[PDB]
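Mapping of the sequence shown onto the entry's author numbering: residues 1 to 107, in sequence order.
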Amino acid sequence: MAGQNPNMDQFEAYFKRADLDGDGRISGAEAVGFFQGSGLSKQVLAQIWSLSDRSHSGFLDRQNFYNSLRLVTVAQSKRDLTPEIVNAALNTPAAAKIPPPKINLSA
Ligand SMILES: [Ca+2]
């Protein structure tokens, strides 16, 4: 890969958008407020956070957040973020195949 894979451009941009204060960490409020644009249910939005905030830091690192977006697209793909699905979305080759989710921002 040449680093800048099509999806990753937006994966980053979503991070850049989610990080409201721009300190480089996605705070939960920043995350949740961003994921409001995803069009997913509050349980899912909460869940994606929990699934991405694996360090339990209360902030998503760029990497955590890059995972988070994959999970979003999974729910976007009309799936349920089940243990296997979450693992599927993050911990398999297919995770790289996952596009950036529909985040209603100003587009
Ligand atoms: Ca922040």
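A virtual CB, placed ideally from N, CA and C, is assigned to each residue, including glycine.
| Asked | Found |
| --- | --- |
| Reduced DSSP category for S77 - H, G, I as helix; E, B as strand; rest coil | coil |
| Alpha helix (DSSP H) segment containing residue 109, residue limits | This structure leaves residue 109 out entirely; the chain is present only between 1 and 107. |
| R70 versus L90 - alpha carbon distance | 7 angstroms |
| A2 burial status per 10 Å Cβ neighbour count (16 or more: buried) | exposed |
| When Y66, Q63, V72, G58 are compared against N104, the one with the closest alpha-carbon | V72 |
| Runs of alpha helix (DSSP H) lying entirely within the region 43-99, each at least 4 residues, in chain order | 62-76, 83-90 |
| Beta-bridge pairing of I26 - partner residues as DSSP gives them | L60 |
| Neighbour-count burial assignment, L20, 16 or more Cβ in a 10 Å radius | exposed |
| Where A2 falls: helix, strand or coil (DSSP) | coil |
| Rounded distance between the beta-carbons of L60 and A31, thought under 8 angstroms | 6 angstroms |
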